[PDB]
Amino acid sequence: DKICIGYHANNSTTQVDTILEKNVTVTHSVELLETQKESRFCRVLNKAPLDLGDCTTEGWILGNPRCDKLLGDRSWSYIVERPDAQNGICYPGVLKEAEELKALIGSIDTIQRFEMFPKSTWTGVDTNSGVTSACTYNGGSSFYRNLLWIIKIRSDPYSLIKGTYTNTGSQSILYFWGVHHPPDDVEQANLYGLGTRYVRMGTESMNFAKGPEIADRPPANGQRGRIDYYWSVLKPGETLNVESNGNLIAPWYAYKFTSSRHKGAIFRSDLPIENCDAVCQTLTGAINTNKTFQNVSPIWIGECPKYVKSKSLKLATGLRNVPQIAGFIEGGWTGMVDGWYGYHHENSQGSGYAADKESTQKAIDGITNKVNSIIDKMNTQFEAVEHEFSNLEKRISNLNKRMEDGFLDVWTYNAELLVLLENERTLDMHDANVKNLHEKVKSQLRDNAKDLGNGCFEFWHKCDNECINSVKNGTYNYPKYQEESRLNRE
């Protein structure tokens, strides 16, 4: 006649690691790391990304005429720029503060294009010949649709020209202009005239006065001339004045815009945009998951889990899985099934397995709480950003990089280390819970049963089902069987 203390086992082959031991098979586990993504770009909070097609952010916003598919009012949750986009700044030159412009654009929600300065604002000049082979449209010469390249009428001098616009709305306005620099004085004379020339732009809060910076330079996109492109934001209430007597690339169309209530982004990617929705949209695809870590990409919008370098974060929730009557010391019981820890008895009324409800449940609750506590404490994300840096910003670019890789290494370490350490605790907690049941039984039976050093106890007497249950509920009664016992123990 006997009773054993033992623990659950099953067919699982899932392994976890601990600080002490690797490749340890367990009965139950939860993987905390999401590794799967849909390789595409989806809507976020029901708002679609803007596909720039064969255009760059600059070609788009300056209105390169090969970018007409994007022309006009648009709204977007994020921007998708194709890596090999060919249509950008077609007439050669520099966009001043280009990287800050992109940051601005990435924080914008919606834009509304409108005519800020119609051609009629500039009088005594040629508003219809401002085109170049560098900016083609259907093979012929053309120009940015948001800028107007004014030149003199052949017969007349380039008169002083003036224009004003007042932002009377509540939305800020993003607008552009340029100064054209011919490669020599002959072209300068032809297009604008000799003498001092200036482009002046004035606001309540910005002031601008510049002239041609003539110089012979090698051709870029077929052109020896250049344009310095500038951008600015006319704030609500502000008024802009424009004066020039030459070399002005005037603002034509501009954008009333709103600033997103959400984090946005410009993704440089070739992934397709499809008709789908995503809670979490990363640079390298959409994630749909309840998990709390993620090794897909550090760059995203929406609500994503923390990025880490890990290939897995398998957290043990069950016991060491070790199958082979006999109790816990020789392994686990595939036959238990009921629960995690329990008993196996054998008397004249048969035999069988039964879990200890109370200790199984107390352990389930502690583990469930542990998991939720981990989920809770990992419920923040460091958010890397794809801002851009010029060739003269190596230092802050490197600063940003070291910072982003810094937090990635700390969080990866934190996550990996936590899983290793708590797994060891989880498995020790099992060993102890089993020990507790075994010891609750041992203390009760004293010398009315033999230990066997094995997890089971052999009764020195008869133990019916009502006796065996009296051991489970912890109300055994040593004296009743003490005499019967001692006679067989001697």
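Numbers follow the displayed sequence, beginning with 1.
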query: Unmodelled deposited residues between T196 and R197, binned; finding: none
query: Selected stretch [higher average CA B-factor]: 361-369 or 139-147; finding: 361-369
query: Stretch with the greater mean C-alpha B-factor as recorded in the entry, comparing 211-219 against 172-180; finding: 211-219
query: Criterion, highest CA B-factor; candidates, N64, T35, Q444, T56; finding: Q444
query: Residue selected from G163, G72, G352, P298 by maximal Cα B factor; finding: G352
query: Modelled-residue ranking by C-alpha temperature factor, third containing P323; finding: highest
query: B-factor third for the C-alpha atom of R82 within its chain; finding: middle
query: Third of the chain, ranked by Cα B-factor, where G264 sits; finding: middle
query: Third of the chain's Cα B-factor distribution that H345 belongs to, per the entry; finding: highest
query: Entry-reported Cα temperature factor of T123, expressed as the chain third it lands in; finding: middle
